[PDB]
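Okay, so here's just one chain, in structure tokens, the form deposited in one PDB entry.
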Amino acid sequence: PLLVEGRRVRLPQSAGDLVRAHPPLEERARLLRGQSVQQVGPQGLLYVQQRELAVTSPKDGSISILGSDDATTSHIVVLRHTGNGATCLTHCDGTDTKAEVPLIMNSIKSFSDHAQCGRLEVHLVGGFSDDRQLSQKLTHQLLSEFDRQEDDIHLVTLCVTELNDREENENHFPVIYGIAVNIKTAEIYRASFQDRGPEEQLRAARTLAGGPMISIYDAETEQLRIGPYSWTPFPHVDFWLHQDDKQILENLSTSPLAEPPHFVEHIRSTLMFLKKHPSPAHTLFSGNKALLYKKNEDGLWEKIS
């Protein structure tokens, strides 16, 4: 079940009510929202896209920081066992939360040396008070699915939906769009990411075409493993490529007035990828082999094999 200050959470309950009733949650939210955003560079970074999961631990010699950005109505989730340091960062968008929380749980529970030290801690950030209730629904689903687990999960950070909301000109949008977690130090902090590779377009197209949550990183081999992926041709991809920025925002975004400024440019490059690669399974991959990337000496991703 989900625990706050060592006791069970009553669900359903709004995130704001939870935070107001528990001073540790309120202080964490105040401090997190108050941080200035750090521009996290590529060294030791694994950037996790929407509908992806990455897990590793402090003995990883390649990755020291997990991060995700652009959480508009979606939530970034961090589950950490403070004893062995196993740390999973996930960017959930409400596609199938009941399937996705078990994936996060199993990614951490497989690490042993877990009984003698530490505990399971969970952190949830993202979203805002959006007109379509998408963030609030995601918050409820994540809290409920974690609370139905048998193991004790201690809720440490909760900065979602109404807690993550700001207003300008009667227009609401998120405060925190992105966070990083340092796996060695356990720090979780506000962050933005300019270097989101590798295979940024392939991975974005996989999710725009409707792919489910996937785990992208093999901590044992310190290998990023991309694909093989498959999809059918994206409907009306040429038509959407010919629409103007306002039409793309209103129809291809969950919240047209809350997206970050580069949203349309990002989706145009994803649509172009889909247009160029309507059937990637046997054109972008060989013999069903994943594309393999490892960190090089200077902390950048490099393709192997």
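Note that residue numbering follows the sequence shown and begins at 1.
Student: Taking only the CA atoms, which stretch has the higher mean B-factor in the record, 180 to 188 or 110 to 118?
Tutor: For C-alpha atoms only, the mean B-factor is higher in 110 to 118.
Student: Can you tell me whether 239 to 247 has a higher mean C-alpha B factor than 50 to 58 in this record, or the other way round?
Tutor: It is 239 to 247 that shows the higher mean C-alpha B-factor.
Student: Taking the values straight from the PDB record, which of 130, 195, 147, 222 has the highest C-alpha temperature factor?
Tutor: The record points to 195.
Student: Would you mind checking where the Cα B-factor of residue 234 ranks among the modelled residues of its chain, as the lowest, middle or highest third?
Tutor: CA B-factor rank for residue 234: middle third.
Student: Can you work out whether the C-alpha temperature factor of residue 282 puts it in the lowest, middle or highest third of the chain?
Tutor: Highest third - that is where residue 282 ends up once the chain's C-alpha B-factors are sorted.
Student: With respect to C-alpha B-factor, does residue 289 fall in the lowest, middle or highest third of the chain as deposited?
Tutor: Tercile = highest for this residue's CA B-factor.
Student: Is residue 256 in the lowest, middle or highest third of its chain when residues are ranked by C-alpha B-factor?
Tutor: Highest third of the chain for residue 256's C-alpha B-factor.
Student: Please say which third, lowest, middle or highest, residue 39 falls into when its CA temperature factor is compared across its chain.
Tutor: For residue 39, the deposited C-alpha B-factor lands in the highest third.
Note that the form solved in complex with a partner chain isn't included here; everything after this is about it.
Student: Hey, in the deposited complex, is residue 43 touching the partner chain, heavy atoms inside 4.5 Å?
Tutor: Heavy-atom contact with the partner chain at 4.5 Å: absent for residue 43.
Student: Is the gap between residue 74 and the partner chain in the deposited complex 4.5 Å or less for some heavy atom pair?
Tutor: Yes, residue 74 is a contact residue.
Student: Test of understanding: in the deposited complex, would residue 91 fall inside 4.5 Å of the partner chain by heavy atoms?
Tutor: Answer yes; at least one heavy atom of residue 91 falls within 4.5 Å of the partner chain in the deposited complex.
Student: Determine whether any heavy atom of residue 60 comes within 4.5 Å of a heavy atom of the partner chain in the deposited complex, and answer yes or no.
Tutor: Taking the distances in the deposited complex, the answer for residue 60 is no, it never comes within 4.5 Å of the partner chain.
Student: Ok, 78, 175, 204, 216: which has a heavy atom sitting within 4.5 Å of the partner chain in the deposited complex?
Tutor: Going through each option in turn, the one that passes is 204.
Student: Partner absent here, but in the deposited complex, which of 247 to 255, 52 to 60, 275 to 283, 34 to 42 has residues with a heavy atom within 4.5 Å of the partner chain?
Tutor: Heavy atoms within 4.5 Å of the partner chain in the deposited complex occur in 247 to 255.
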